[PDB]
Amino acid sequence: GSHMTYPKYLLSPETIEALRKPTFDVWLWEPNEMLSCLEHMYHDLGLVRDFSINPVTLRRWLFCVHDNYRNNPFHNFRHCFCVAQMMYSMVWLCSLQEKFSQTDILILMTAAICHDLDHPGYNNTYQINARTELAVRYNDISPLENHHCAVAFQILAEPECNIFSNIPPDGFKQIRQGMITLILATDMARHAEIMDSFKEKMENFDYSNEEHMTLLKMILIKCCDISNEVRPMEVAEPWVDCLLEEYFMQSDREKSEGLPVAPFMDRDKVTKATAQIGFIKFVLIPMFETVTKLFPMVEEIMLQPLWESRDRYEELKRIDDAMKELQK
């Protein structure tokens, strides 16, 4: 309803409102628009207010985080924007502010933004098997994730980027610990371990028990990370071709360098459909089923799109298969 046009990085009222929901079209926007969005999130969640974040530093820091993501097909700035924007969505969808402190929100949000810093676009198995410098550096223990985390704090140690410069040190120590746990929790090698620890607490969940809360925070960041398929089908789908783009780059290389190839990155055997049916049925549906025991509104906003996406890929596979029966 506006009297004149604004530049793009002046988000409109429509965009700001849309940003609260997981229907948001994470493809519409260029990096500067995404930066303004992340910025708005910090103000709107009251984090600028409650941690005295100098607002120019907030901007400088985000631009700096941006600079430290690489131009990978999948593990890129736009992916961290998805993860952060889904977390933002979740704060509203689950009323996380009723249950969590502002320090906990700061952790969730900053860990979402930082959780894949400087990802080289080849996973931990490649690093370990190739004996990369990262694998040697981190002794084969969640090397990518430990690195993302280290880069996060290197950025924050530069004073012009230090969004925590006005938090007292006890606060800093606490945010740092949370963020480390959360970013490390994103390594999928630990998925069943973390899911088991959570389910065990979920036998008698207790919002006043820090250990219960830490596990909830780890499940929350894990949901957000692997949440592409929760989004509308037109927004979700292009991500799968990016993921395969990386997975196939890795397996080419592995083949070429004599290293073990994983069959789920095997060009000859893998399909969008075959990639997503299992990942939806046996990773995403069940994780969100348990979150849903705490947050039942999660069913309708997030389990439904997943059921729909599983059903669609199942159809797709039926036709892809028909189609390779014209071949070979």
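Superpose the two forms; the largest set of C-alphas matching within 1.5 Å is the rigid core. Throughout, we count residues from 1 along the sequence that is shown.
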In terms of RMS C-alpha distance in 7 other deposited structures of this protein following rigid core superposition, 41-49 and 267-275 differ, and the farther one is 267-275
Comparing average C-alpha B factors as deposited, tell me which of 124-132 and 202-210 sits higher.
202-210
Looking at the deposited entry, does 314-322 or 6-14 carry the larger mean Cα B-factor?
6-14
Relative C-alpha B-factor of residue 195, binned into the chain's lowest, middle or highest third
highest
Can you work out whether the C-alpha temperature factor of residue 46 puts it in the lowest, middle or highest third of the chain?
lowest
So, residue 162's CA B-factor, relative to its chain, sits in which third? The lowest
Which third, lowest, middle or highest, does the C-alpha temperature factor of residue 296 belong to within its own chain?
middle
On the chain's distribution of Cα B-factors, residue 268 falls within the third called highest
